[PDB]
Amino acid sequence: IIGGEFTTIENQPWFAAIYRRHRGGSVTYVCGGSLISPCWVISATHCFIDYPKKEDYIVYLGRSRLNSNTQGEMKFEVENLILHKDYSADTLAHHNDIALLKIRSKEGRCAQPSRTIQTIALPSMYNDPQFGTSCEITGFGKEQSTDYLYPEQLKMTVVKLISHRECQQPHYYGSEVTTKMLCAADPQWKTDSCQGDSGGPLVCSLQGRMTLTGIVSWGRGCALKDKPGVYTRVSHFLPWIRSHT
């Protein structure tokens, strides 16, 4: 997260921290995700495409810190890693950038809700907030494009939804953005998602309910003028989620 503020898991209790075990046993952070039901975390296919083996992955819920255990956290194996079979990636844009992880602890159990573990509601089909709406993004991604390290503490920021029209403009993304993507950015371009934030949630309040409107997907750099963050438009993927859960 470029700019924004530090947070703890209590403020985004659906947030999933996804890590990969490397050959040799070393564990590195991969991507965020969101808990949509006790047994299901939703993320981005781009996070997993180079290493598609479900056994390589570890999912935490209730975790506020990157490389320290948060009190109350729960740790899961991935029992099913479902990548979108129509996923495609150009030099920047990711298409159908959506993935489902069925989670199962060593004791053979799904998430158990708590102060630090809750589900996030899915949108109603094609039901998205109007452009200019303020939404929140959460992740362990870089605080600056030039950073080597990821923050140890979880971060959040606010970005505003941008219309398909505006995002299609020449100096923005042109035809790279489709109607299955949502753009969001800061008016001053001062806060954004960055490397490490992908797979994570874009949450909007829709008719009074906190809704997973988006999945952090792609962008040209981070917090660059006329280069919004691009999100998987979740309200356009309900059939795929339905048929795989």
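In case it trips you up, residue 1 is the first one in the sequence shown, and so on. By rigid core we mean the largest C-alpha set that fits within 1.5 Å across both forms.
Q: Do the Cα atoms of 53-61 stray more than those of 206-214 in 4 other deposited structures of this protein, or is it the other way round, with the core held fixed?
A: With the rigid core fitted, 206-214 is the stretch that strays more in 4 other deposited structures of this protein.
Q: Between 17-25 and 226-234, where do the CA atoms move more in 4 other deposited structures of this protein, taking the root mean square over the structures and residues after a core fit?
A: Stretch with the higher C-alpha RMS distance in 4 other deposited structures of this protein: 17-25.
Q: If you average the CA temperature factors over each stretch, which comes out higher, 162-170 or 71-79?
A: Going by the record's values, the stretch with the higher mean is 162-170.
Q: Regarding 56-64 and 28-36, which shows the higher C-alpha temperature factor on average in the entry?
A: Mean C-alpha B-factor is greater for 56-64.
Q: Among 195, 191, 207, 211, where is the Cα temperature factor highest, going by the PDB entry?
A: If I rank 195, 191, 207, 211 by C-alpha B-factor, first place goes to 207.
Q: Hey, out of 113, 151, 123, 139, whose CA B-factor is highest in the deposited coordinates?
A: Highest C-alpha B-factor among the listed residues goes to 113.
Q: Which third, lowest, middle or highest, does the CA B-factor of residue 97 fall in along this chain?
A: CA B-factor rank for residue 97: lowest third.
Q: Once the chain's modelled residues are ordered by C-alpha B factor and cut into thirds, is residue 41 in the lowest, middle or highest one?
A: For residue 41, the deposited C-alpha B-factor lands in the lowest third.
Q: Split into thirds by Cα B-factor across the chain's modelled residues, where does residue 86 land: lowest, middle or highest?
A: Within its chain, residue 86 is a middle-third residue by C-alpha B-factor, going by the deposited values.
Q: Where does the C-alpha B-factor of residue 134 rank in its chain, lowest, middle or highest third?
A: As the PDB entry reports it, the C-alpha B-factor of residue 134 lands in the middle third of its chain.
Q: Using the temperature factors of the C-alpha atoms in this entry, rank residue 216 within its chain: lowest, middle or highest third.
A: Answer is lowest: the recorded C-alpha B-factor places it there.
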